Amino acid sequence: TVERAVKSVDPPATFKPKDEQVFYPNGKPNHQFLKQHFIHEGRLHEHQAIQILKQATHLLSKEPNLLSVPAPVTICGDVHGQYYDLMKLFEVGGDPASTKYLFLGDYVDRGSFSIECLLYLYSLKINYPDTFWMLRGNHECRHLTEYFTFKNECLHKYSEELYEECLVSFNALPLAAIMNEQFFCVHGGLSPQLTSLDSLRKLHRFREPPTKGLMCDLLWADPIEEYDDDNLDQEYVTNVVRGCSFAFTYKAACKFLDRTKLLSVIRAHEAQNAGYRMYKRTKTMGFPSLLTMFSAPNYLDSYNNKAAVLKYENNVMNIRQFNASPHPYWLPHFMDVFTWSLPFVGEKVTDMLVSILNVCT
């Protein structure tokens, strides 16, 4: 009655840790604390979470549109707030204290632990700003977080002020990276306006992504479904599936790689049953022209897909896969049980109160 009916279930940690636990004496977030605290569904004081958002925004806003990421590095695809799979990812990819990381975006939406994923990743960024890097994906913007789950999540767990602060940090995320002077890394893919790498360097990126143009395409582009068949002469085609942007062909990737003297394109953005996918090999050097990474296993609790990260070194692409891990339950829209049950309580009670009333003519 006052004890817990299901004692094998761990209870959530506190929604109010002290400042001395969330931050190291130097004022940077204590990521080892936040890792365990978020595993147990603990929350922060709002001012603590805003502090982490503001320090990450400050670091990110100083980086260029197009990062330079040296090898060895672990490259990761989508997370989508699947915080308990993110814990496994770090196990597979290496300890951030001695492993370089490059995330390709889509940290938020769909999973019920987006703000934990985002605050945790940012606390790594802040503590390891020279070895830990994060690109923007197409979900790191106002339009999609409004349409999917992340805004409802911030409003439920924190406030709209925090939601606005996250948007500021999304607009500051870099768009792409050159990894080891060999790979173009981006969330979506190529663009008809990606004439040179300078086209990307000249963009004003601190904004919501446009309806169309370079910045939209980097976040939204896919390869054509028949990309490996290589039976199209065009470089770019209208992406009906996404309802914006373009799908690009093997010919577009090869001309781009030749122009920029690069080996391959590494991106994410599309779910993969195997966690990754290597596409048709380059006629110039033999490397895969394209690689898709996807780091969200059992996507949406229903795909039963593996996830993968890429551990790149010595000109070797070590693909490391992992399966899904269990996570706690949330109602849709982060409803509490009173919000969830009270409409039904009222229906069921009223029904009885009307039968009791209608017993007499």
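Each residue number is its position in the shown sequence, starting from 1.
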Which wins on mean Cα temperature factor, 313-321 or 23-31? 313-321
Taking the recorded C-alpha temperature factors, which stretch has the higher mean, 45-53 or 332-340? 332-340
Please pick out which of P129, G77, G81, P223 has the largest Cα B-factor as recorded in the entry. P223
Can you tell me which of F90, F103, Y250, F170 has the maximum CA B-factor listed in the PDB entry? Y250
Rank-wise, by C-alpha B-factor, drop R136 into the lowest, middle or highest third of its chain. lowest
Please say which third, lowest, middle or highest, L190 falls into when its CA temperature factor is compared across its chain. middle
By the record's CA B-factor, is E164 among the lowest, middle or highest third of residues in the chain? lowest
Please say which third, lowest, middle or highest, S112 falls into when its CA temperature factor is compared across its chain. lowest
Chain third (lowest, middle, highest) by recorded CA B-factor, residue given as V69: middle
